[PDB]
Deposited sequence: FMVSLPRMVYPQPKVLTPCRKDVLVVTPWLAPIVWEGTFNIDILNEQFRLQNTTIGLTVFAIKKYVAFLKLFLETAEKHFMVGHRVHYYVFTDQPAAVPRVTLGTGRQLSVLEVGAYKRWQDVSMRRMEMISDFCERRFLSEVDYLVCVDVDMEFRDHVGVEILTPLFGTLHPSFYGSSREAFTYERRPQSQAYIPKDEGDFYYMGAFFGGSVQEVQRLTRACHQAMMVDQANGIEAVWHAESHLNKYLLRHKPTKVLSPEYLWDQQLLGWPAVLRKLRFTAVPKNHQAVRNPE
């Protein structure tokens, strides 16, 4: 459907939004920073498609303690105005806090000690994050795309030789020193349900192969995520605004917003 009439500042061809950072990858994927998007335009586009976003977290053992803040701050900052389905995987269904949700938002508790068809039927996009985190600012439809990864906050300024990729050729996650675009954070990735299932299926197969060969990648699923995203380029990359640790890294000038952060 057509967008409605909208009044907003004209984009200026000979004035970049941001001159201090790379805002597009060499495969023409946007890198999402504050100042690169008009959220009103993007909200219109995604609301007109009645977009539903799934947000998945695992909260096992003592990590259930993090759910209350995670969910309450997600209610303030994550996809507000859009349909949201939280999927909380836990070993302690009774320890999930009763958090008040806005209209059009739902939560499912899934007990762990099988979700492929359910996700396809229930949501358009899946977002996969860790629970020991809080939202502090807007995280919205600007992230949505067929496949996205997030720049790890410790490595966004680093040379590829310094990236902590798996370096042993015996592992399926192996990346040599002369390869690599970015070091993506394992704690924040997503995309369409189909692309997230393709990614998780490929990662699981690679991890099984490594297990059979008696090798475990240096950073576990994150190492495999990095290998997958090297060979299957993401269609957006999120800046470190989207995964930050203020205790460890402060608040650099290049970050205009701190959106989703570690709980110290």
property: Ranges of the deposited sequence (numbered from 1) for which no C-alpha atom is modelled; result: 1-2, 116-133, 285-294
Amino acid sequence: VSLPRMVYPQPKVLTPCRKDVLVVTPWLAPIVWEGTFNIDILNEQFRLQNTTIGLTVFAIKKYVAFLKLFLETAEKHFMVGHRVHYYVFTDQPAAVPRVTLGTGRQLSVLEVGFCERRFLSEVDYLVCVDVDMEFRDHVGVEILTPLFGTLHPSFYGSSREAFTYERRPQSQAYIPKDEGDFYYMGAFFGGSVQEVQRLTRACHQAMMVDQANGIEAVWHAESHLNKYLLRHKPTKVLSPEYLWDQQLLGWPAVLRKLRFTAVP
From here on, numbers count along this sequence of modelled residues.
{"property": "Stretch with the greater mean C-alpha B-factor as recorded in the entry, comparing 189-197 against 164-172", "result": "164-172"}
{"property": "26-34 versus 199-207 - which carries the larger mean C-alpha B factor in the record", "result": "199-207"}
{"property": "Highest recorded Cα temperature factor - choice among 77, 118, 105, 152", "result": "118"}
{"property": "Residue 145 CA temperature factor, ranked by third within the chain", "result": "lowest"}
{"property": "For residue 60, the third of its chain into which the C-alpha B factor falls", "result": "highest"}
{"property": "Chain thirds of CA B-factor: placement of residue 184", "result": "lowest"}
{"property": "Position of residue 156 among the chain's modelled residues by C-alpha B-factor, lowest, middle or highest third", "result": "middle"}
{"property": "Chain-wide C-alpha B factor ranking for residue 98, given as lowest, middle or highest third", "result": "highest"}
